């Protein structure tokens, strides 16, 4: 067939009940994740190919970067609790990977401050039980599929995107194939 298990996608041996429809995992330490955000715009291109209103969910992972990796998962919980993901994704990716000026949880807080989040607001969220449970939720979602690599996308708890099996000579073709696969998996 044109779309084949083991080419553009794989199938989880243990399908995940109740997962979000489109679920992405990333790390601010992950180089391909930087490209998915800054130059490929994978999430937006996937969104444009799915029906209006489909839930897309994006979570951070702990396994890259030791202490700071967990700090970044907690900061991503803060960003989701406050609804400021679009304000902080780029400066967090560039602080970690471009300028390497994020070395501590305080440097992470500086990114939010500079993006216009008030210090009081950030600190209250950071210490909140709502954010603790958002951290638990990110961990649970990743643990459900023993994730040991990012960037990762899962469709309906059942299918995992396989960019290894797509064409990467052309950035936009690659993005197309990826988003068209997500569309095919969602219609499955």
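Numbering follows the first chain given and starts at 1. Here the rigid core means the biggest group of C-alpha atoms that line up within 1.5 Å when the two forms are laid on top of each other.
- Stretch comparison, 47-55 versus 118-126: after rigid core superposition, larger RMS CA deviation in 5 other deposited structures of this protein is found for 47-55.
- For the two regions 163-171 and 12-20, the entry's Cα B-factors average higher over 12-20.
- A summary of the deposited B-factors shows that, of 41-49 and 144-152, the stretch with the larger mean C-alpha value is 144-152.
- Among 32, 60, 158, 132, the highest C-alpha B-factor in the deposited entry belongs to 158.
- The deposited CA B-factor of residue 68 belongs to the lowest third of values across its chain.
- Among the modelled residues of its chain, residue 128 has a C-alpha B-factor that falls in the highest third according to the deposited record.
- Among the modelled residues of its chain, residue 83 has a C-alpha B-factor that falls in the middle third according to the deposited record.
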